[PDB]
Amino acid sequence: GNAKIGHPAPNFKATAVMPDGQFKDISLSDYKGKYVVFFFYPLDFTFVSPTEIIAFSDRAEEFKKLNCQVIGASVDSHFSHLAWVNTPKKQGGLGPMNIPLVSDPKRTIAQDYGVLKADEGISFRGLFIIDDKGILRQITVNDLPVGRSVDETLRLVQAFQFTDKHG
């Protein structure tokens, strides 16, 4: 992996399912000027991952007030993401999303971020906080069974923005 604290976060260009439900090719560099929370989850149509994704989506406004873009990603195809979004939450899907979901079918983004579980071809639960300069500020990687906290992620984003202010 090439993700190093204090260095530019590895860029990517990938197809995402955008909040409007439609495909768009996006790049991490598209969000320079904003903080970014970039998180991986292992795969679509699973048990723990939708709880995390929906939590980040539901609370997207709290990141927007921090000028912070949230982006999720898995090695699934962009069609698989679309299927999951188009499946209602009450039927085990994601439902409508407030955040883009990146597809990493070549596994190169997960590799660049050091979160590929090589023996399965899927990502660990990696989460990365990138500042408005594109510099990586925080690395979080959970083994597959344990999910992430939106509260903790907001705490971190808020703290980096506060400490960015001292000069």
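Residue numbers here begin at 1 and follow the sequence given.
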**Greater mean Cα temperature factor according to the PDB record, 25 to 33 or 94 to 102** = 25 to 33
**Prompt:** Got a sec? Mean C-alpha B-factor, which is higher, 114 to 122 or 51 to 59?
**Reply:** 114 to 122
**Item:** Where the record places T140 (Cα B-factor, split into thirds across the chain)
**Value:** lowest
**Request:** Looking at the entry's B-factor column for C-alpha atoms only, identify whether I109 ranks in the lowest, middle or highest third of its chain.
**Result:** middle
**Asked** Among the chain's modelled residues, which third holds the C-alpha B-factor of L127?
**Response** lowest
**Message:** Using the temperature factors of the C-alpha atoms in this entry, rank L66 within its chain: lowest, middle or highest third.
**Reply:** highest
**Asked** Which third of the chain holds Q158 when residues are ordered by C-alpha B factor: lowest, middle or highest?
**Response** middle
